[PDB]
Amino acid sequence: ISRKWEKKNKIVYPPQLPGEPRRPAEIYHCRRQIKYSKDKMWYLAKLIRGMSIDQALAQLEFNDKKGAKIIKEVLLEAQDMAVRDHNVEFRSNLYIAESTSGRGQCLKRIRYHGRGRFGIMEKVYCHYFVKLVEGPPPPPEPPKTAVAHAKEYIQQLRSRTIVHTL
Amino acid sequence: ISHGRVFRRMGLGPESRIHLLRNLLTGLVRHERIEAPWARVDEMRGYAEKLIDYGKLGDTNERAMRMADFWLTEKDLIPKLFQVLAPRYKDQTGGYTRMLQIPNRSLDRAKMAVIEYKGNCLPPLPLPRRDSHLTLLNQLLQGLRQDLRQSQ
Amino acid sequence: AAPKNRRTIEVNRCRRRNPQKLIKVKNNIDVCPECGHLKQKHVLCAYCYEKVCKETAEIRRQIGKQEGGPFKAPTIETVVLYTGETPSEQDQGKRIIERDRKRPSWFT
Amino acid sequence: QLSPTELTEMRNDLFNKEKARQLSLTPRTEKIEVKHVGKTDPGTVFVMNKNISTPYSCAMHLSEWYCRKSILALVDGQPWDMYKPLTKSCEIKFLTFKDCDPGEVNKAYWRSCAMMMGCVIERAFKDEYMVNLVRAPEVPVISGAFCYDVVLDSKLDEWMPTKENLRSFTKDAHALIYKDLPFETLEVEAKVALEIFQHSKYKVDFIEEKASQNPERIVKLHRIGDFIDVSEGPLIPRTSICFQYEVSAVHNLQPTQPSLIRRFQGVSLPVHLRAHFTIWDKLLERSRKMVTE
Amino acid sequence: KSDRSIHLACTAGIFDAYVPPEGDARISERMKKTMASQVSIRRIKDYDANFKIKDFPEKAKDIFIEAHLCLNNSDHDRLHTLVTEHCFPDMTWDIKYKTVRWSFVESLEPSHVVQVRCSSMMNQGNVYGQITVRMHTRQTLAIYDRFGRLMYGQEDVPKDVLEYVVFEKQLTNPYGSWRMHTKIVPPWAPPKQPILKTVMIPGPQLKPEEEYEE
Ligand SMILES: [Zn+2]
């Protein structure tokens, strides 16, 4: 096993020069060995990717999933450690940079079938990984415009060369 | 095809559906505010309105006595119905119950509903209230309504 | 009927990350203003409803304590009185249910 | 005579110099205690920086819901801007559009919309023609149209605007709404206010009357980007609070002599209280109707 | 019930702590407190007859300066060498993932040996001696974040500081040394420099059945 997420949470940086940007805070948190499926946990993480902390808490509070409740607890205690130990000014001034589900350590149980047949159950476990970054959530990427499509096409046409010659 | 089908297929059959709605109605008459799944609350709401209509029809009526005998399984609510609820809604015409949605059951995530009889002695539910008349759009519409009153 | 071939992770990712399978973002979330807690627009606030439920449960417990047994439901209407007030002249022939606390501000 | 670009640049320079003077008057950090006494999250203590922190900063300490829904602030019972710095230990109470008594919020929204209209006016008319701004009358909410008094050109005493001109005004105001400028607030001495607005006799009279009613002669200036105006009170935080905007009508006041005062009337509704198409059309017609104070 | 017991090299208290005299910083029974101080002094002299109170304060300021430089460069071995086990954790755990920029500028007045106290014999066969020394110096401090952002103090500006630093030596230890044990800060001390960030103290968190009372 590996706990590099916690080691990432405790990496440290040199002092900041007075003429460079602020280097917004980064908080790493994870919960291990959650009795839940990593696929459904992925669905919940992909739901709360890139949102603000309050928006994510609202959506998880009004979702209908055990994983949603678990991730809400993880996010609440991550905000707690954020504005308790990592010198984040405002508790609402955070967004989710990374939201990931991983496979846990599972168990093997027997499933009795008909005849004299059997199957092997998996008592599935999972991890949840979250990273909180100080700052407002980054603006979503705007959809491409017809102007942009035309410029890209004209760049291709002007980048055409005469091939297989001098 | 279920066009024009007004009743839900509930329980283990029609008899079981009637018995379920009867148990919910008996609970509603006893406690004056119950919570249950949304569909069951809707059906038992309709039956509760009709039950109050029979109670207002009154205890001396043998048909109303038989209906209360069937639909109240504990036999103390029949005096309570005929001499509490019908005297309470003697003035009112037909809005006897209040149904509101309460979010989700914590086990199977079922859409929940609270239903009460109006009046009560219990603490009031956190009712959805409309926006106050002192809001921006409401004052603009009040100014509009005033100007139309002066015009006509 | 059995699979003729194994479905690849590319096909599986397309199927499992199709936008229909994703969780839709809810827009009907608003701050309940009596307490500042998150609620849905068509749904009663969980916190306020939970408060009302515990107060109603204590009312029903006191009703049962005065009641003393089943099959004895009263013929008269009921009122609830808290500490520090007398029954009003409209609440004459009604069962008084006493509570050992101050009357809540949300209860009139 | 100075060009309008030079006048705008000098007014912004004076505004920034005065703001830097206040920030230098408070050079060292000082901690003040703000007791949130609202109904929701009651008795919450904030430790804020003196003359730096904002009611927006307190709302950002609490939650983003307070940031997005809070429009005004009650600091010791007085209406306060979201971006105005706090000067003392006090009690705060955030005010939204949908309270029981939102009248102060309505007044702040109404003043903000009038000030944005006046900016649209001043940067809409042509350079060969003169624009002088009188005041924004404190007209009640129930009247239906925010009003702004302009002295126009002697060559334009006869000109009436058309529907395309009114729609151009509306498009410029919607461009401001898209640009999303914060409403910067400055409590300033009357001498600095006169030095800012010295090339406007009506603004001089306005500043003089405000300095007369207030014993210490401090007045309130507000800025969205480059446009600076004297205000009658608190304003909303950002122009993006406005969703539906329209410059409905332009009228002329009754006394043509000595100068022609023209009252520009518009109507607006925020994002939190946006109305339907037909209701908005009826509000448009009532705003096009005359408003008298 | 093993015969091996925990062998401590320090205590975690102050024996008859020097109460700060009011106005000591504002202004630029004596026989009894003196006599008690030199009773303790002949106890240190008996356990080691090569100790000089007049020679202590330069060693005390040396220990203080080098301990804070070890705090600057995170030298925990030398910080153990110069700092007692009671003073080490409330020295280091609030800065474990932070960068501390500390410096010593000068001393306004020489440090003063202001209290000397001793232990009893019964302390597990060990006798400890504590000496309280007034220091009033000028220091600089700048504590940085895990990300390098500034939290406390200013980088270059020096400020006055007055501390009642208490050192302790285990006299019965053959290899015992004088190390910083704690420092008394007066209850009348001036309020500290304000922090550079804003703090929200939450109110009570209310259960649904509970009503908020003022
Ligand atoms: Zn609520």
# chains A, B, ... in the order shown; residues from 1 in each chain; ligands from 1
$ residues_near_ligand --ligand "ligand 1" --cutoff "8 Å" --atoms "only C-alpha atoms and all ligand atoms" --output "PDB file with C-alpha atoms, in the first residue's frame"
ATOM      1  CA  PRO B 126     -42.546  25.093   8.410  1.00  0.00           C
TER       2      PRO B 126
ATOM      3  CA  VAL C  31     -31.047  28.733   1.756  1.00  0.00           C
ATOM      4  CA  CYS C  32     -33.927  28.209   4.171  1.00  0.00           C
ATOM      5  CA  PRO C  33     -33.948  31.625   5.871  1.00  0.00           C
ATOM      6  CA  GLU C  34     -35.457  30.842   9.276  1.00  0.00           C
ATOM      7  CA  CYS C  35     -32.241  28.947  10.050  1.00  0.00           C
ATOM      8  CA  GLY C  36     -29.886  29.549   7.124  1.00  0.00           C
ATOM      9  CA  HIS C  37     -29.796  25.896   6.138  1.00  0.00           C
ATOM     10  CA  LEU C  38     -29.833  24.311   2.704  1.00  0.00           C
ATOM     11  CA  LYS C  39     -33.247  23.221   1.427  1.00  0.00           C
ATOM     12  CA  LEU C  44     -39.640  21.347   3.583  1.00  0.00           C
ATOM     13  CA  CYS C  45     -36.410  22.250   5.361  1.00  0.00           C
ATOM     14  CA  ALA C  46     -34.909  19.220   7.088  1.00  0.00           C
ATOM     15  CA  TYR C  47     -33.612  21.168  10.101  1.00  0.00           C
ATOM     16  CA  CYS C  48     -36.852  23.057  10.811  1.00  0.00           C
ATOM     17  CA  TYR C  49     -38.951  19.945  10.189  1.00  0.00           C
TER      18      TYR C  49
END
$ residues_around --residues "residue E:185" --least-positions-apart "5" --cutoff "9 Å" --atoms "only C-alpha atoms" --output "list in words"
residues 20, 162, 163, 164 and 165 of chain E
$ closest_atom_pairs --of "chain A" --to "chain C" --cutoff "9 Å" --atoms "only C-alpha atoms" --output "Markdown table"
| residue | atom | partner | partner_atom | distance |
| --- | --- | --- | --- | --- |
| A:43 | CA | C:22 | CA | 6.5 |
| A:44 | CA | C:23 | CA | 7.3 |
| A:46 | CA | C:22 | CA | 8.0 |
| A:47 | CA | C:23 | CA | 6.0 |
| A:58 | CA | C:38 | CA | 7.1 |
| A:59 | CA | C:26 | CA | 6.7 |
| A:61 | CA | C:38 | CA | 8.4 |
| A:62 | CA | C:40 | CA | 8.1 |
| A:63 | CA | C:26 | CA | 8.8 |
$ residues_around --residues "residue A:71" --least-positions-apart "6" --cutoff "9 Å" --atoms "only C-alpha atoms" --output "ChimeraX atom specification"
/A:31,41,44-45,57,60,128,130
$ interface_residues --of "chain D" --to "chain B" --cutoff "9 Å" --atoms "only C-alpha atoms" --output "list in words"
residues 97, 98, 99, 100, 101, 102, 103, 105, 106, 141, 142, 143, 144, 269, 270, 273, 274, 275, 279, 282, 283 and 286 of chain D
